[PDB]
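Given next, in structure tokens, is a single chain: the form deposited in one PDB entry.
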């Protein structure tokens, strides 16, 4: 019985240390968005309340209507590392167990979660302010659990509950049970979570680190974005537009839906190369081996159903001797924006590396001058880093970049636009100037010419199904729905999903 031996413990100072992993504040917000997606939410409203007695001047909130949490799972939010998302496929982007505790502490000094599922209402006040102003070097976290209907306390230790509520009212932005209950009433259904991040991080001058008073329908970097600055890295709107490859959720920033785009959909002539990534053909067999000797580890762990779960994964990995034997590289020229190009790397639909030049693009010149690329890497070929902006395997990451470079060269010599004349190709679609970053011309005819090539896609708002309209609106674009769809067949909401056919090219 290892009951007396020393145990590794956390401390107050570790929270800032954990926060330092995020050198990209949009990256920090992406963790809280990922948690919402993993909760199966269909709305992640990011409205920013305005409380001027808190550092920064405003509060950043995060509503949702996923599954929420219950007492045990909520308590397991302060159980650093513990993540039950380790399971077959099941996108569930979180695997490590510190994305909330690393994103909420890079944004503001404190953070107060509100959640409610089934018949429970749970608050998870974690505030560094408490620790600073009362000397606690551990990480103490109140956790009251009111009941959904009667809104009466539900816990065993009444003095614990009283103390918990006392801190929650004397430190949090809300100073009484009435206000806290009002916050709970902002989750209308019987499932959701309202993560709030009060006192914020101040830039040196004094203004907050997130700007909401320049473009009110947007969250932009408080630093004056100096030229350059590929549009995702200066606006949370643009970043969240391509923060997923398979968007089945709606992101209303400041009560305004983000025009989600699926990159690969909106491109000039796409060509989907099914590379086995040669290595990954081996690490399809070693993935079969990995899932074999990790299902064997699962058998060793089980020696029940978890091994059976991983055995069917192993059989599914022996099906990945077919299915994840090849990653899918989707090359397509981007006529509307030419300099916004480079590999758009996705690990399980969680865009990790962006605008990365691989192959001839590294060498200066029009060679692959505009080609975009996308690949969805599962959680077997590569894994992410702690910040989930880099991959923690340099060798095989560079292997994939080299592979993508060769296939990008093949795509370039397949489209043959250089043979027909790269200058003519880029001139006929509008770019008629010197600088390579010069934005397009408008001149009606050119807008139309660009428009014919790219097809139109628009997500619904009752079934969250994409469609293939010849026109466009929405549902900061204006509303539209499936019933209003001008189309003979794709008219109803019960109609089957449609996917674009992807023409294919072959390597070698």
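Positions refer to the first chain, counted from 1. We call the rigid core the largest set of C-alpha positions that still match within 1.5 Å between the two forms.
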Checklist entry - Can you say how many deposited residues have no coordinates in the span between residue 457 and residue 458, choosing none, 1 to 3, 4 to 9, or 10 or more? => result none
Item to check | residue 149-residue 150 interval: deposited residues absent from the model | outcome: none
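Although it is not shown, the form deposited in another entry is what the next lines describe.
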Checklist entry - After the core is superposed, which of these residues, 237, 131, 233, 279, moves its CA 2 Å or more between this form and the one not shown? => result 279
Item to check | Cα distance between residue 364 and residue 278, which in that other deposited form differs by 3 Å or more from this form, closer or farther | outcome: farther
